[PDB]
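*Asks:* Structure here, sequence nowhere to be found:
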Ligand SMILES: *[C@@H]1O[C@H](CO)[C@@H](O[C@@H]2O[C@H](CO)[C@@H](O[C@@H]3O[C@H](CO[C@H]4O[C@H](CO[C@H]5O[C@H](CO)[C@@H](O)[C@H](O)[C@@H]5O[C@H]5O[C@H](CO)[C@@H](O)[C@H](O)[C@@H]5O)[C@@H](O)[C@H](O[C@H]5O[C@H](CO)[C@@H](O)[C@H](O)[C@@H]5O)[C@@H]4O)[C@@H](O)[C@H](O[C@H]4O[C@H](CO)[C@@H](O)[C@H](O)[C@@H]4O[C@H]4O[C@H](CO)[C@@H](O)[C@H](O)[C@@H]4O[C@H]4O[C@H](CO)[C@@H](O)[C@H](O)[C@@H]4O)[C@@H]3O)[C@H](O)[C@H]2NC(C)=O)[C@H](O)[C@H]1NC(C)=O
Ligand SMILES: *[C@@H]1O[C@H](CO)[C@@H](O[C@@H]2O[C@H](CO)[C@@H](O[C@@H]3O[C@H](CO[C@H]4O[C@H](CO[C@H]5O[C@H](CO)[C@@H](O)[C@H](O)[C@@H]5O)[C@@H](O)[C@H](O)[C@@H]4O)[C@@H](O)[C@H](O[C@H]4O[C@H](CO)[C@@H](O)[C@H](O)[C@@H]4O[C@H]4O[C@H](CO)[C@@H](O)[C@H](O)[C@@H]4O[C@H]4O[C@H](CO)[C@@H](O)[C@H](O)[C@@H]4O)[C@@H]3O)[C@H](O)[C@H]2NC(C)=O)[C@H](O)[C@H]1NC(C)=O
Ligand SMILES: *[C@@H]1O[C@H](CO)[C@@H](O[C@@H]2O[C@H](CO)[C@@H](O[C@@H]3O[C@H](CO)[C@@H](O)[C@H](O[C@H]4O[C@H](CO)[C@@H](O)[C@H](O)[C@@H]4O)[C@@H]3O)[C@H](O)[C@H]2NC(C)=O)[C@H](O)[C@H]1NC(C)=O
Ligand SMILES: *[C@@H]1O[C@H](CO)[C@@H](O[C@@H]2O[C@H](CO)[C@@H](O)[C@H](O)[C@H]2NC(C)=O)[C@H](O)[C@H]1NC(C)=O
Ligand SMILES: *[C@@H]1O[C@H](CO)[C@@H](O[C@@H]2O[C@H](CO)[C@@H](O)[C@H](O)[C@H]2NC(C)=O)[C@H](O)[C@H]1NC(C)=O
Ligand SMILES: *[C@@H]1O[C@H](CO)[C@@H](O[C@@H]2O[C@H](CO)[C@@H](O)[C@H](O)[C@H]2NC(C)=O)[C@H](O)[C@H]1NC(C)=O
Ligand SMILES: *[C@@H]1O[C@H](CO)[C@@H](O)[C@H](O)[C@H]1NC(C)=O
Ligand SMILES: *[C@@H]1O[C@H](CO)[C@@H](O)[C@H](O)[C@H]1NC(C)=O
Ligand SMILES: *[C@@H]1O[C@H](CO)[C@@H](O)[C@H](O)[C@H]1NC(C)=O
């Protein structure tokens, strides 16, 4: 149905149990899936790792029945965090069409990264189009949990605010963006506009003003 | 060295015949297996069916009635058809090369062996959104640099459009350093909006003629725009 | 589950210790021990014996392994042992000795194939009551023993379900592990060699040169058609078509399919059937195939 | 009921012990130790023979 969560300390090995355990002799495939990217299989036949896969990942070989197919990851790092699927093929069960229930691996102890905020005033061409949008961009922040509050001078806006949920980038840090839709007259009236981003206990504010 | 490319429409009306195509470059299509997998947000990836090299086919029991596969011998293309699409059928579609596996646990003569498949090579995947909404072209507005030394920030804005995705390049892909394309945001209006910024040195700023190249396949629109400081 | 079943998963209600209470239990059974109660067909089954005779469960402590038994005669009587190597069925035995008790004779109940018996010395022996008459069987005794390995790979389990005050019924517990069927192995080299030595002694009674073929059993059913025997407590029934499938004129081990039953009526017993309690774990027994029991097809050839 | 079955003792048979004499067959004999102070085991100085106890 939905994903089951797993948490591991950074740099310490971890074992991923496999749901729907086998009834007879089995050949298991372990797939690594990142949101939005193509799944990469780590183990095609229990202990067989295709070329290019690091030696840190390993799986249990069904030499004597009664063993439980598990996925062992040594030196757990940021890149390991992902969803892992256990495709089961046992002798008793029939054709296994569905993959296993997802297993969300999270890496604890990751170093926090301060967010890099960049506020952009509306373009002149957008103002000619009789529309205005303030664009607040947040990059390279971990953990990926931020709150965005806009303000005008002092007052908070609280209206016309649209923010993306944080998404992981190739840097293994998150990236989020917020958009404030405004009318060109409202952009010229106020003295300045501020984007406030709160990450953990810290808060960073950037300001832009009309020319 | 095998590469797969999935070319899909990206948008299809509900209750219509969705179709895709899986081009292959590594090896011939008559020597391996070809399987399609779809992944939707909030749901686990789903194996829908593989393609023989000859090209009998089996399909997942859930979608067995609405899916039809086919393999072209003249062109290394694996085509997937799907009827009566709905909002649920929208998801990212992959096509991977599947290999045959034979697990022997008893005496071969009395059966006692099952075939197990595994896909070692995957494609990049093409998204497909199913909705009655029409296509919408993106409005591109340049973001002027903010003007310590010598880092500077400029970029472009891609206003409301539909549907995903949008490809952004700079100088026709001439610049790759300091390029960060943020994920889009879905507004209540029902159109996505994304930004793309580039970090360049203050110096260089003046003048290097930075131009962002935008492309929206469903809208059939490819747009370029210049970015330069404003007084 | 499986697509395109010798054993079946059966549920049914059985009495408990208390007369008023009942219990529902599930136990695995073999196809041979059960018949459908409908044939129309629905799918309610019953035990194969309930229609003909009652049934009793063999106590779990007693063992079915044959041990050497010596038959003795009382004082005033004696037993004469014929020590003639080449001694055929009947006739005058030149070398005779006297003993009070016979050698260690194991009561191995088998069919088709003789197991754990005593090997004939010198040449292999062909013994019959009337070689000219096809109706009478043919006893064969090997000089060199062939080896046969029978196994039940399934890791069965014993389910002890009480069916009354003191009464205990031992049902099969779901199998643990793969589902494989029992089978015996025989070395094709030794069996082809041993079978060739048999045809040489066979031609001594059917002409120094003649066509000698071998086919599978085509008469009777159940016990007479399969190499039935016991092994660790489970009763095997093997198809011997692979062994008697040749034609003679002028390490690649053979395999035999074996099916199992738990309800049996041995020695043509009419009125009493026995339920062999399941044997826990994997079963494997290595036995000696020392003799055979053949029969001609007859006809006007 | 949980362990073993049960049977009702017939009402006519009585459980009162009556004197029983254990006899040995012809060719055998029973030796009775008539030593008053005779302990468990050991040599019995005074011995007699009887066919039944
Ligand atoms: C009476 O008579 C009967 C008839 O004669 C007789 O029947 C026999 O019964 C026995 C059991 O009772 C059966 O034994 C099993 O046989 C299996 C298969 O063995 C053969 O095939 C495999 C696979 O061959 C393919 O793969 C290899 C490996 O890469 C390739 O090199 C080959 O080229 C081949 O690939 C081609 O062919 C494929 C088609 O199959 C194609 O798909 C492919 O594309 C290619 O074209 C070989 O590995 C075997 O060789 C090795 O083993 C044999 C047997 O021991 C040795 O003699 C030989 O020297 C080699 O060492 C052989 O050729 C066995 O796999 C099986 O053992 C597995 O299963 C058991 C239980 O399930 C496990 O406990 C055990 O651990 C084994 O599992 C391992 O392997 C699987 C799959 O690889 C893994 O998923 C698993 O995790 C585990 O991995 C571990 O072991 C690996 C190697 O063992 C190791 O690499 C790993 O690192 C890890 O440690 C079992 O032995 C036998 O098949 C019957 N025979 C017949 C003819 O029916 C009966 O026994 C007789 N006896 C009686 C009655 O008493
Ligand atoms: C033709 O002749 C052939 C030549 O003999 C025959 O081949 C014979 O085949 C039979 C099977 O049909 C074999 O019998 C079974 O063998 C099993 C495997 O033996 C292994 O274990 C041995 C244990 O070692 C002990 O004994 C050896 C003997 O020398 C001794 O050296 C050693 O020190 C140790 O004391 C080992 O020696 C062997 O090498 C093997 O590795 C064996 O397990 C079987 O025993 C079972 O089953 C029999 C019959 O069912 C019972 O009488 C036994 O008591 C025992 O049952 C108990 O143990 C089971 C183990 O799982 C349990 O499941 C049972 O429930 C039961 O447990 C209860 O009782 C226990 C004792 O009271 C309690 O402690 C428990 O708590 C429980 O209450 C069985 O012997 C022969 O071995 C094999 N022959 C040879 C030479 O190997 C062939 O069958 C013949 N063909 C025909 C058609 O007749
Ligand atoms: C399965 O079949 C094989 C087929 O050979 C069988 O192996 C043989 O068993 C016999 C016993 O039945 C063995 O013979 C004995 O061996 C012992 C130990 O070496 C000797 O002490 C014995 O000597 C005497 O007894 C003989 C009669 O058995 C007399 O002829 C002789 O004068 C002596 O008094 C006797 O030779 C024989 O050695 C083995 N064969 C081999 C190669 O080991 C095996 O026993 C069978 N299995 C079962 C479970 O029955
Ligand atoms: C076993 O050998 C004896 C030889 O002593 C056979 O006895 C003779 O058998 C023939 C026919 O087979 C008869 O014509 C003779 O009259 C028999 N002689 C005696 C003294 O009875 C015996 O038939 C052989 N048995 C088998 C089954 O071959
Ligand atoms: C048959 O299955 C039983 C399980 O019922 C196995 O017995 C277990 O063996 C493991 C060893 O791997 C032990 O850790 C367990 O404690 C055992 N459990 C019981 C209940 O016995 C047995 O090993 C299996 N035999 C075969 C040949 O596969
Ligand atoms: C039956 O099983 C026995 C033993 O389980 C087999 O004897 C083995 O034979 C091999 C040669 O193939 C030897 O290497 C082993 O040492 C033998 N083991 C023992 C215990 O003697 C025998 O070959 C099997 N027969 C068949 C037909 O499979
Ligand atoms: C088992 O017993 C219950 C209660 O007596 C009864 O309703 C049910 O039909 C029985 N089922 C079978 C399969 O005998
Ligand atoms: C005997 O052999 C025939 C093949 O000619 C086969 O169809 C039949 O099932 C066999 N029957 C027995 C009892 O072995
Ligand atoms: C007999 O052997 C032949 C030739 O190998 C084979 O085709 C046939 O299936 C065998 N029949 C039986 C009953 O084993």
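*Replies:* The structure has been received and is ready for your questions. Numbers count the residues shown, from 1 in each chain, chains lettered A, B, ... in the order given. Ligands and ions are numbered 1, 2, ... in the order given.

*Asks:* How about residue C:135, nearest residue that isn't a chain neighbour?
*Replies:* residue C:298 (7.8 Å; C-beta to C-beta, 6 or more residues apart in numbering or on different chains). Every residue, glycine included, has its C-beta placed from N, CA and C.

*Asks:* again, but for residue C:110
*Replies:* With C-beta to C-beta, 6+ apart as the criterion, residue C:110 has its nearest non-adjacent residue at 4.6 Å, and that residue is residue C:229.

*Asks:* and that neighbour, how many neighbours?
*Replies:* A count of nearby residues for residue C:229, using other C-beta atoms under 10 Å in any protein chain shown, gives 23.

*Asks:* That one: which element?
*Replies:* strand C:227-231 (DSSP states H and E).

*Asks:* Residue C:43 now?
*Replies:* Per DSSP H and E, there is no helix or strand for residue C:43.

*Asks:* Assign a three-state SS to the residue nearest to residue C:135, would you?
*Replies:* What DSSP: H, G, I helix; E, B strand; the rest coil gives for residue C:298 is coil.

*Asks:* Kindly report the same for residue A:188.
*Replies:* Reduced to three states by three-state DSSP, residue A:188 is helix.

*Asks:* Pull up the gap between the residue nearest to residue C:232 when sequence neighbours are not counted and ligand 3, please.
*Replies:* Closest residue to residue C:232 apart from its sequence neighbours, by C-beta to C-beta, 6+ apart: residue C:283 at 4.5 Å. Per C-beta to the nearest ligand atom, to the nearest Å, residue C:283 is found 17 Å from ligand 3.

*Asks:* What segments of chain A are helices?
*Replies:* A:124-128, A:184-189 (DSSP state H).

*Asks:* Ok, which of those helices comes nearest residue B:49?
*Replies:* helix A:124-128 (46.8 Å; C-beta to C-beta).

*Asks:* and that closest one, what other elements does it pack with?
*Replies:* The contact analysis (3 or more C-beta pairs under 8 Å, 6 or more residues apart in numbering or on different chains; DSSP states H and E) places helix A:124-128 against strand B:140-143.

*Asks:* Doesn't residue B:114 belong to a strand?
*Replies:* Yes: the assignment for residue B:114 (three-state DSSP) places it in a strand.

*Asks:* Tell me who's in contact with it.
*Replies:* A:89, A:91, B:103 (C-beta atoms under 8 Å, 6 or more residues apart in numbering or on different chains).

*Asks:* repeat that with 6 Å
*Replies:* Applying C-beta atoms under 6 Å, 6 or more residues apart in numbering or on different chains to residue B:114 gives the contacts A:91, B:103.

*Asks:* again with the one 4 residues further on
*Replies:* Each residue near residue B:118 by C-beta under 6 Å, 6+ apart is listed here: A:29, A:44, B:99.

*Asks:* Identify the bridge partners of it.
*Replies:* Bridge pairing for residue B:118 (DSSP bridges) gives the partners residue B:99.

*Asks:* and residue C:201, which of the three is it?
*Replies:* Under three-state DSSP, residue C:201 comes out as helix.

*Asks:* which non-adjacent residue is nearest residue B:113?
*Replies:* Closest to residue B:113 by C-beta to C-beta, 6+ apart is residue B:104, at 4.5 Å.

*Asks:* was I right about residue C:241 contacting residue C:216?
*Replies:* Yes: between residue C:241 and residue C:216 a contact is recorded at 3.9 Å, counting by C-beta atoms under 6 Å.

*Asks:* give me the number of residues near residue C:259?
*Replies:* Residue C:259 has 18 nearby residues by other C-beta under 10 Å.

*Asks:* just checking, it is part of a helix?
*Replies:* No: assessed by three-state DSSP, residue C:259 does not belong to a helix; its assignment is strand.

*Asks:* What residues are bridge-paired with it?
*Replies:* Counting by DSSP bridges, the residues bridging with residue C:259 are residue C:237.

*Asks:* ok, now residue A:83?
*Replies:* Under the criterion used (DSSP bridges), residue A:83 bridges to residue A:33, residue A:104.

*Asks:* hmm, the strand or helix carrying the residue nearest to residue C:232 touching ligand 2?
*Replies:* Using DSSP H and E, residue C:283 sits within strand C:281-294. Yes: judged by C-beta under 6 Å from any ligand atom, strand C:281-294 comes into contact with ligand 2 at C:281, C:285-287.

*Asks:* ok, is that strand in contact with ligand 1 or not?
*Replies:* No: residues of strand C:281-294 are not located near ligand 1 by C-beta under 6 Å from any ligand atom, the shortest gap being 7.1 Å.

*Asks:* Please identify the buried residues of that strand?
*Replies:* Going by neighbour count (16 or more other C-beta atoms under 10 Å in any protein chain shown), the buried part of strand C:281-294 is C:283, C:285, C:287-292.
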